[PDB]
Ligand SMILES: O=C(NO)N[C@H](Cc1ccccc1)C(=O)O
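Just the one chain here, laid out as structure tokens, in the form deposited without the named molecule.
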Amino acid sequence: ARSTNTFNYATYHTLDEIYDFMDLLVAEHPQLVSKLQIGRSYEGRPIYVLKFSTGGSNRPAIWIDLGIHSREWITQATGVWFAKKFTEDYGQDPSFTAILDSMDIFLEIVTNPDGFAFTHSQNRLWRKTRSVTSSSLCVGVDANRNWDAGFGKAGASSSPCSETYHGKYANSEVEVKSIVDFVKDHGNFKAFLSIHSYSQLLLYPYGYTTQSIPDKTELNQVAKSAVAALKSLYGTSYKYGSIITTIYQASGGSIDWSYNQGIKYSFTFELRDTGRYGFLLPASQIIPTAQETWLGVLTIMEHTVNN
């Protein structure tokens, strides 16, 4: 509400409330966080990233995006909690302090703002963007099938009405191209984390091909360590592995694209639960989910600073 200390982190919020939160956080911690506009959505809403930094010039960086699939409301709620947590733990947690003293963090809480507004207004289960194509009355693209990584291959649909429609061409969705351009221009991202729900999975590349990545041994051990840290708070059990061996072939996904740009520490989290509530996770689970997920993310960031 009036301060980030009176904001209710244990309930779900609207787009306007999350955008107001971002401005409160910047006003309270102007030496540590800044708000960047990296584009505008199809319906003209600003696309914002929060940059957390203690200085430097183009320091090596960590990317985290949440909410690319709009109905996965636990992810935007986790992103708000993360933003606050960064500002609380800098100078208090020795390990997070060391990360931010050497690296920058870029956090995109609402990666698909038009879908998110639609889930509040019209259809709680909407997952796609809201772009319109002329050959159909169906709306929207699955923005996690629109990236230039095996685009249009098996594990995505070419039908505009499908929930897994990949779009007309790679990077057709402005929500995806805004990220692509920003990461390419920056050139010094070391980790790329995309957060989803549900199923309790920690995945590494690839989804579009059976080929094993050259860094499989290391990314598998980092994933094991991150799942063990996450489980330590409440006992939540995650599985881990490559996308294609753990779930199924899926093309056009963001961490396949980021790994092929040379961003070695590329992971997707699928948060709680395993299906009892699914996308309609009760608000009473927001803070426990965020707290345990933070331990998993911090484990990946520690490995990145030292490697």
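Don't overthink the numbering: it's just position in the shown sequence, from 1.
(request) Would you mind checking whether residue 135 is unresolved in the model of at least a third of the other PDB entries compared? (result) Yes, residue 135 lacks coordinates in at least a third of the other compared entries that model both of its neighbours.
(request) State which stretch shows the higher mean Cα B factor in the entry: 132-140 or 111-119. (result) 132-140 has the higher mean C-alpha B-factor.
(request) Pick between 176-184 and 161-169: the one whose mean CA B-factor in the entry is higher. (result) Averaging CA B-factors over each stretch, the winner is 161-169.
(request) Determine which member of 290, 297, 18, 283 has the highest CA B-factor, using the values in the deposited entry. (result) Out of 290, 297, 18, 283, the record gives the largest C-alpha B-factor to 283.
(request) Could you say which of 199, 102, 76, 194 has its CA atom at the highest B factor, as listed in the PDB entry? (result) Spelled out: the listed residue with the top C-alpha B-factor is 102.
(message) Ranking the modelled residues of this chain by C-alpha B-factor as given in the entry, is residue 72 in the lowest, middle or highest third?
(response) Ranked within chain, residue 72 CA B lands in the lowest tercile.
(request) Within this chain's modelled residues, let me know which third the CA B factor of residue 203 belongs to: lowest, middle or highest. (result) As the PDB entry reports it, the C-alpha B-factor of residue 203 lands in the lowest third of its chain.
(message) Which third, lowest, middle or highest, does the C-alpha temperature factor of residue 211 belong to within its own chain?
(response) Middle third, going by the recorded CA B-factors of the chain.
(message) Using the temperature factors of the C-alpha atoms in this entry, rank residue 276 within its chain: lowest, middle or highest third.
(response) Its C-alpha B-factor belongs to the middle third of this chain's values.
(request) Could you tell me which third, lowest, middle or highest, the C-alpha B-factor of residue 240 occupies within its chain? (result) For residue 240, the deposited C-alpha B-factor lands in the middle third.
We do not show the form deposited with the named molecule bound, though everything after this point is about it.
(message) So the named molecule isn't shown here. In the bound PDB entry, which residue out of 236, 131, 171, 197 has a non-hydrogen atom within 4.5 Å of it?
(response) Exactly one listed residue reaches within 4.5 Å, namely 197.
(request) Go through 49, 250, 33, 281 and name the one with a heavy atom inside 4.5 Å of the named molecule in the bound PDB entry. (result) Here the answer is residue option 250.
(message) At 4.5 Å between heavy atoms, only one of the stretches 111-119, 92-100, 68-76, 173-181 reaches the named molecule in the bound PDB entry; which one is it?
(response) It is the stretch 68-76.
(request) Please run the contact check for residue 127 against the named molecule in the bound PDB entry: heavy atoms, 4.5 angstroms, yes or no? (result) Although the named molecule is absent here, residue 127 would touch it in the bound PDB entry, with heavy atoms inside 4.5 Å.
(request) Examine residue 203 and determine whether its closest non-hydrogen atom to the named molecule in the bound PDB entry is within 4.5 angstroms. (result) Close contact exists here: in the bound PDB entry, residue 203 approaches the named molecule to within 4.5 Å, heavy atoms only.
(request) Please check if residue 268 has a heavy atom lying within 4.5 Å of any heavy atom of the named molecule in the bound PDB entry. (result) Yes, residue 268 lies within 4.5 Å of the named molecule in the bound PDB entry.
(message) Test of understanding: in the bound PDB entry, would residue 243 fall inside 4.5 Å of the named molecule by heavy atoms?
(response) Residue 243 belongs to the contact set for the named molecule.
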